[PDB]
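Chain IDs A, B, C, D, E and F follow the sequence of writing; residue 1 opens each chain.
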Amino acid sequence: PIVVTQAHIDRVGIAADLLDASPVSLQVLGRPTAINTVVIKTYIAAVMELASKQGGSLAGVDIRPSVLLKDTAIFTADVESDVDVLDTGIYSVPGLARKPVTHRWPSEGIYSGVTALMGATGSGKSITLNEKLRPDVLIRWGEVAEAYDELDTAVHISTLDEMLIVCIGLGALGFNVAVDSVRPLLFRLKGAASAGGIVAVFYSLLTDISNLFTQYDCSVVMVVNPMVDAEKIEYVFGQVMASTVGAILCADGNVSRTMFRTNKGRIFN
Amino acid sequence: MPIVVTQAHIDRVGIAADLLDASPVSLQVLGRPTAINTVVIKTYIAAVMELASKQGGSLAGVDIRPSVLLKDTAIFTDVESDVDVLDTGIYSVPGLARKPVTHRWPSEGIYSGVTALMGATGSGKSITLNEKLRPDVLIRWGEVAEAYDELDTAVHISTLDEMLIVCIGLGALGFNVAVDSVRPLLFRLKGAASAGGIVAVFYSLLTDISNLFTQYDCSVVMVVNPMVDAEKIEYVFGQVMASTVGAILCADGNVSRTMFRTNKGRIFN
Amino acid sequence: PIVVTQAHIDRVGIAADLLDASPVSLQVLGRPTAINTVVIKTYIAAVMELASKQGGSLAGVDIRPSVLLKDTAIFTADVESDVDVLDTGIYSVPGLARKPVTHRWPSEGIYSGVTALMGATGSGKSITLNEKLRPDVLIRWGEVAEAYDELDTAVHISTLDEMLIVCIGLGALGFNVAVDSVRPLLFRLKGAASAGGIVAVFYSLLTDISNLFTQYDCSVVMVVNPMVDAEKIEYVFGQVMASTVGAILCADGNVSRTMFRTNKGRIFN
Amino acid sequence: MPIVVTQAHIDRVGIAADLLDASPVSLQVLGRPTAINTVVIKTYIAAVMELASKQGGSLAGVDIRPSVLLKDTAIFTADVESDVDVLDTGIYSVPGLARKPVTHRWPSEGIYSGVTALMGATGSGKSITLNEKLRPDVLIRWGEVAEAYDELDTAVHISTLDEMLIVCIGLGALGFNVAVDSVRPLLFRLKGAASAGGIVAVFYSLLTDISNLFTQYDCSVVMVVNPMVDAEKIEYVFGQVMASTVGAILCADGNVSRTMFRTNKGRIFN
Amino acid sequence: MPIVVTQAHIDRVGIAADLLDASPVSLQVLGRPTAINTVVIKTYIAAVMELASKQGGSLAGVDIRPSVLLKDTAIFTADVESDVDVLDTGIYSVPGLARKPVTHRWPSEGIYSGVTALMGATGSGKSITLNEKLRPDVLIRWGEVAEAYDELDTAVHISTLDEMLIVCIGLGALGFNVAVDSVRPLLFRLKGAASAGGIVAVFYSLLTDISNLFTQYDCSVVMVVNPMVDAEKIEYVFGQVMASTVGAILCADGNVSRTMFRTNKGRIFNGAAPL
Amino acid sequence: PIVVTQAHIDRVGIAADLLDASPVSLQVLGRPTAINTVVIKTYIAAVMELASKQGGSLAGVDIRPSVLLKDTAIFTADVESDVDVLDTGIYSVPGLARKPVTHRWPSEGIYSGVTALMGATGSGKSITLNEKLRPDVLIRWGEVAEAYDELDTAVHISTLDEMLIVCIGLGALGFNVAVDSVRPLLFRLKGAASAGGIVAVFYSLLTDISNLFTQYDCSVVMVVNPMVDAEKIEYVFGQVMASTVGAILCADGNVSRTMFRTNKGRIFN
């Protein structure tokens, strides 16, 4: 189950302050799109109200945004991925001038941001996540029917808006949020593939997502599975390390490599 | 050869309508998410049952084609394949929080979803499907004139809308539905080819199709034959295993490899 | 000459029936487009009247659609080849529930559909077509001035609409129709080339064309010579066999390989 | 150097007008089929004959350029992209001739009417072979830098594709031996995905459509075709072009490497 | 860690305003030339000086971010595609300086005004070289993950390209040693067909246009440029970048592998000078 | 300095006759665009008027078009680079029926047109141009701050319109005009790269530019440095020789190869 502590209740006000304090946007190959902070606040309030209906114990099924919110839109005519970058402009989510809030998960003293759980298909990513990492909230997206779907920690989403709502919303409150998988986004990323058989904007998106979590004191682990050649995975993992607060590589059911940006410094394996 | 409607099928009609109304679904490829009109599937089920009532329950595949039973066969209610992912949004069909309904076909105790019948051209996919699999309903799409077209189990479709209508409609009632083949969709998949000489959205589509069947308690076998190199088929089959409930590989008229997600767990050969 | 037998006259009524009974469309990378059946019927009527005015012995020049019909259009604002597959939908011409009508040409007991006469430039396709296959009607499209143009069996077309009119129109009556060539359609196929250096929709088009002939009891031989590498022709011929009722490979002025789907079964060489 | 108008040319004027009016033609590339205004070609022929009459039959290539003789040089009669559905634009190929083509003595004996492609790498001797070995009656110069051939009285300097077809169909139908050096402005602007041989497939369709356009109007034209292709891939492309033209000439190190001509005595390879 | 405003900076304010008004500039990429609103840069300089005055000369990078000081951060003043005819859009390059450019002591001695490009593969030590060896006065942080450099009082966190140019031209003209870590948000969103070296050709034109923009406004800027390029094509890309900037530094294995600086003493390739 | 001789003053009338006599246009991948001859005439008049106010000694800074003309536009709604060639038409600047005016620069007896100074980055193109070629007017465009910018012969431009104005305007008068560089145009050439890793229209543009100078009796040297592989430069240089009146290749600070079309014939090294 997903148990709501007094620590989570005390973070509600702070979470609302963090969201209102900084206006954020996101961009991919098109034009920068603003994130409606209000929706995340509304989600937190809905989760707290339901938590109150129960004994603080929540079922992942009951906290899905499609059930709690009338509208699940976070992004507020249509632009092509091959338009002039000077007509659309360029946006990256700004960094934190202050020291980021540290966490005990996925690693000790890790800064707020995003961790990428990498590896080839069947390398043990989902296994490593649920057995070793053991998240408080397990977001399930674009993955076939598995044993992890029967878990009361599992929250089934359909859109990118829903992913960010649950990640920012619950992550800000102090929950250890995880996403399995981020394949719906990755496999629909349109554009010319750069060095490593993957679009360059993929690395920019990971940085923008990481900083979005750093700003809202979230500690999120995302399963990032790329359609990349068996030997080109090492290059891509090195490139992802420069774009995320955390990075975990899986090979043959075990953890091959690690990288974490902590209060004790950047730790490699 | 005939398609017989048992009392078991009649008793599932109400449940099928209940599953369809309970969850609103959509589908996305490289464009924008498009909603699926559930009502059309319900209307199809009612038309099949009405005809089964007039006949002895012994129905001919020719008489149950949607173009004949329905006035309009549309299930989806103009965007380029190279449009910003943030302007269209991303959609994946949500997972099942509950345990999926098990089936005896194509394998014992297999969960509801999709099975991909893979193999090179002339590897014996169509032969394995009809002789070894023995499906109740055989959907024939984008295939040249063969002996399987003269079968009373054969239902000849033209559109993707029709495929989903027969698959969800009859599959929900408990019928063992099969599609030979899904080639018109695969060969019209526009986009930049990823690792393995195939567009990445192909794997996302298989997962979205699988989850669509998992949600509506369907057990469907689709023969998937995409344009891929003779040696690159092993990589693609491994990737498809991570995107479907079932996977069957054909080589020299026989079954080379198998993967099934059952109540007894994931079984490899 | 092109001689009209009583057997052809007796098929006129059956041809109008077949054409009215099933509404057909065609799709490539755009949106599905309906085929106006009336135009084919109008063409048959104009050919029969001219055959009745002359001695039954017609000249290919006199039966060209541009001469017999006021308008040659078969297809009834503008869509790009890179448009979302979900916005246009997917269409494949439906298969035949009944047994297809057999023919003695290009092979004994062959089912109605299309035969692809394949080979590199100067492999002997056009020689094999005119000397070994001996067609009744020879449609000449996208080819330079050759000896075959002076033949009384030769009918010179300009559009794809005209090709289908003569193929379906005369083919349905029992004539052995051949197209030399289909290069104006192949070389103008816009899209990203799949495995084998050729667009995947090419194989779907051959199946759709074949089934169009299977439905209207036609036996057509099309010379198909797409821009493909000298060594990649074997792979492409292999994929084409899985997309057509007949397949003939030319090399060094002679027949290299054959495949025919007959009443006695699929025959390979 | 001069362009002389014989009685044979004068006697063909009526026949040329008949050939043009008899068959309506179009052209297509990656967009939609575009009709060719036959009237413009007839108007050009009339202007050339009138000037030939004022002179002694002896004409200067400079004086017979379409931009000088016609007020409007347009042959093709809102805007479509090269990546549009083939089914929405339709497909057009210029129809073949049911009758025997009109044979010529140039570039080869008994060669049928149509187009000949003068191929070869850059500096292989295409322009040299064209002017020294071929000896054309009319030399169309297009998209080529300043050379000795521009000072020739046979040289007619054009700017558009419309102008090329006007001079090729107009003068070729009358019986003149017309040549184009070169067709690089069309080839280098051919938009589309490059097929096998590092060149767009529609290139081969265009050569056939151009050939048949000349076959129908009994024109004997030699076009120097030099597309951007790899040094070793030229052999493959030349073989493919042979299947798309009435004539084909390959140049290598200033000399003629290979030949192909479709004649009344049959197809002749070297 | 702090950003100190000297009398030298105060004396440059007028000079900077004149430089901006004297020459009208634009920028182009694959679309239509877009004009740069000089007024916004002047307004930013005035806001920085006014705040420097309220504080004791010393300023915090957080307080000088354009989003905080200006009501609108737009520098570029309907929508054109990256694949439009070059003749329908025309071509624009920022013009060169007819006079001798203002020399600087940073990033190299006697260097001309313009842009310096700090190259290297990922984890080659670009950010380390920038902060330890180069020591910039103002550190612009853009599209980079949470690092130790973000806690620095020299760090100014931006989000747009408009903001980058405002801080670079605005503070750089006054005499500050401005650095950008990273320029990746721009590089990773460069739409177009990749040329030789697995990178769009307009990338090199943009570096030259950015360099000349700084040469005209007497700025000395160091931009860290991380290219999505294969391990073996980095040498080719660097050679090409050297021909497009006033300064270029290559990083490899935590150290400086190669340098190029256009100084008053001439073009110096791989000099004996610690940064 | 830039000195105006009596020879230049005597050419003013002839330059107007040349510009008025032939209407010209330019095309790239879009539609043909007319060149407004009047603007070039206006520029010549402004240069001569200023040369008069001076002692015949002009500063390159004072003769820049942005300073002398109110509007710098030469080309007189918006078309895509991937539009049908038949809808835009094709334009090449026409050749000269007469013998071209000869020059003593960059080579003895060279015909009027364009010379391409080629070579890898840092091969010594700019060095060869200013030390060995010694041009009368050095147009500086899209190049970084160098010693050549402080030269009184240097004229700094921003647009392609400005380049052609100075090249045609001053070149027609007899000045030895050079451009360092033509990179702003070359690095913004949109389209599919042909053989040699460069767009085919690049070679057509060089010929069109060369013929534009041949028609207006100009002798211009352009630094052409396109993004091409280290080994592919030899192929491209050979192709450029077939597209220009002059061609110079640079390697390791020295001149590797030369080609000039003179009154004494085509001279190779």
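Just so we're on the same page, contacts are C-beta pairs under 8 Å (C-beta built on N, C-alpha and C of every residue); 3 or more make two chains touch, one makes a residue touch a chain.
The set of chains in contact with subunit A as well as subunit E is empty. Among the remaining chains, the Cα-based centre furthest from that of subunit F is the centre of B. Between subunit D and subunit E, the centres computed from C-alpha atoms are 54 Å apart. Centroids built from CA atoms put subunit D at 31 Å from subunit C. The distance from the centre of subunit B to the centre of subunit F, with each centre set as the mean of the Cα atoms, comes to 63 Å. Among the residues of subunit C, those in touch with two or more other chains are 27, 29, 79-83, 191-192. In terms of which chains touch, the assembly is arranged as a closed ring, every chain touching its two neighbours and no others. The ring of touching chains, read from subunit A in the direction of subunit E, comes out as A, E, F, D, C, B. Subunit B makes touch with subunit A in their complex at residues 26, 28-30, 33, 79-100, 111-113, 191-192, 194-196, 200-201, 203-204, 207-208, 210-211, 214, 235, 238-239, 241-245, 261. Across the complex, subunit E is touched by residues 26-31, 33, 60-61, 66, 75, 78-82, 120-122, 140-146, 149-150, 154, 156-161, 183-193, 197, 225-230, 232 of subunit F.
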